[PDB]
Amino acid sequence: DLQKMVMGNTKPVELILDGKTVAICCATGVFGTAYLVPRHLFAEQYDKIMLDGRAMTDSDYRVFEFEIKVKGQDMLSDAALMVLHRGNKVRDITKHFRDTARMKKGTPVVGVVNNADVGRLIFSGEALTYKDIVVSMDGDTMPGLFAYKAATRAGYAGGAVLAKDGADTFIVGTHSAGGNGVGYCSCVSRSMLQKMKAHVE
C-alpha cells in the first residue's frame, strides 16, 4: 500500500535548455506542493522545468536544500525540496519517513520511478549499508546515503527508495546515483521533513 501511495506522488521531470531536454529525473511529492528532487540536477542551466507535463520556470517554485552533518562536517544533501507556489496538492506521506530506522543488510528494497524515459517503473534490490559519502571523480559529493544492490539508470534520481525494518515498511529517501549493480539514495529523515513542512506551513 505504501508503494502505491508513493507511486501516486511520483512525477516525471524534464529539464529543458533552449528547446532541448538536457536531463530527466523523478520528483517525489511529500506534501502539499512540495517534491523531493535531485539537487545535483536542480543546479544547472534551465529555461523550462516540466513537472508532470506542466511547463514551469524558476519563478513557479522555491528550492530548499538540506544540510546534514557527516562526521562533524556539514555537507549538502543531494535530496532537495522543490516547493511550488501553486498547484494540485499531493498526498502527505511525511509520516512514512523515519529517524532511527535500521535496515538489515540483505533485506528487500523497492525503488519507485516515473520519468519520460522508462515511464512508471519499480526496481527491487537488496539493502547493503549506510555510506557517509560517495564522491565523484570530478569532486562532487553526496552525503548521508544508503547503498543497495539494484539495476538503476540515469533518470531514476528523485524516485523514492522503500525498505523494511521488521514489520515496518518505510521510505528511506530518494535515489541519487548508481551503477555497477549498486545504487545509492540520499537519506531523508522524518524530522527533516516535519520541520520543513511546518516552515512552509
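In this text, residue numbers run from 1 along the sequence as written.
Peer 1: Which is higher on mean Cα B factor in this entry, 189-197 or 8-16?
Peer 2: The recorded data point to 189-197.
Peer 1: Could you check which stretch, 49-57 or 130-138, carries the larger mean CA temperature factor in the entry?
Peer 2: Going by the record's values, the stretch with the higher mean is 130-138.
Peer 1: Which one of 43, 34, 157, 150 shows the top CA temperature factor in the record?
Peer 2: Checking the PDB record, the top C-alpha B-factor among 43, 34, 157, 150 is at 43.
Peer 1: Comparing recorded Cα B-factors across 124, 114, 100, 77, which one is largest?
Peer 2: Answer, based on the entry's C-alpha B-factors: 100.
Peer 1: Ranking the modelled residues of this chain by C-alpha B-factor as given in the entry, is residue 167 in the lowest, middle or highest third?
Peer 2: Its C-alpha B-factor belongs to the middle third of this chain's values.
Peer 1: Compare the C-alpha B factor of residue 85 with those of the other modelled residues in its chain, then answer lowest, middle or highest third.
Peer 2: Middle third.
Peer 1: Sorting the chain's CA B-factors, does residue 175 end up in the lowest, middle or highest third?
Peer 2: Its C-alpha B-factor, which the entry lists for residue 175, ranks in the lowest third among residues of this chain.
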